[PDB]
């Protein structure tokens, strides 16, 4: 993969692992649009699902991508160094398409700056709290010891310190949840959930609207 530190963006293969990306950004002061949590599908799958644990609008963090349609056609979308007169949003079309349009072979993601970072966890209480400052990522996970509210944030040491003081809990190390979703990260009443979905091992993919089913046949 390619880390464009100065321009704050990353170029990586769809098959790149989420922790693989975090490992590569170690000490760079740059952060990807996802927490230190490994999930089935890697970067490509994450993009296809429209992100994980975000408290922000994820699609805008995807600057470009190249995907392979279920028919074998290569489609390039967006870009950084080269781009057409814009419009015709092929990037957002793919983001959140859950694999219906094929798999991402390459993804270009925006990276955000941060002098400090904190990945914390604390006992869950039913609903997601409104923290201040709002962490960039928030999600719940049941560890069999009860639910756990996880939060990941980065930015100025002052905002992060502020985050720690508002959240409390304990420091958490990078998680690898692939072992708990062997049949795939689908949707359902599973042990993991964020502001958008509740995930379940082998759960079904969300139902696409008629229009999407139609366009997917000709892409």
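Residue numbers count along the first chain shown, from 1.
S.K.: Quick one: say whether 148-156 or 38-46 has the higher mean Cα B-factor in the deposited entry.
M.R.: Higher of the two, by average CA B-factor, is 148-156.
S.K.: Taking the recorded C-alpha temperature factors, which stretch has the higher mean, 168-176 or 51-59?
M.R.: Higher of the two, by average CA B-factor, is 168-176.
S.K.: Sort 204, 23, 195, 12 by C-alpha B-factor from the entry and give me just the highest.
M.R.: Comparing C-alpha B-factors across 204, 23, 195, 12, the maximum falls on 23.
S.K.: Out of 80, 75, 140, 85, which shows the largest CA B-factor listed in the entry?
M.R.: Most elevated C-alpha B-factor of the set, per the entry: 85.
S.K.: Relative to the other modelled residues in the chain, which third contains the C-alpha temperature factor of residue 163: lowest, middle or highest?
M.R.: For residue 163, the deposited C-alpha B-factor lands in the highest third.
S.K.: Of the three thirds of its chain by CA temperature factor, lowest, middle or highest, which one includes residue 71?
M.R.: Top third by C-alpha B-factor.
S.K.: How does residue 92 rank on Cα B-factor within its chain, lowest, middle or highest third?
M.R.: Its C-alpha B-factor, which the entry lists for residue 92, ranks in the lowest third among residues of this chain.
S.K.: By the recorded C-alpha temperature factor, relative to the other modelled residues in its chain, which third is residue 98 in?
M.R.: It falls in the bottom third of the chain.
S.K.: What third of the chain, by the recorded C-alpha B-factor, contains residue 116?
M.R.: Highest third - that is where residue 116 ends up once the chain's C-alpha B-factors are sorted.
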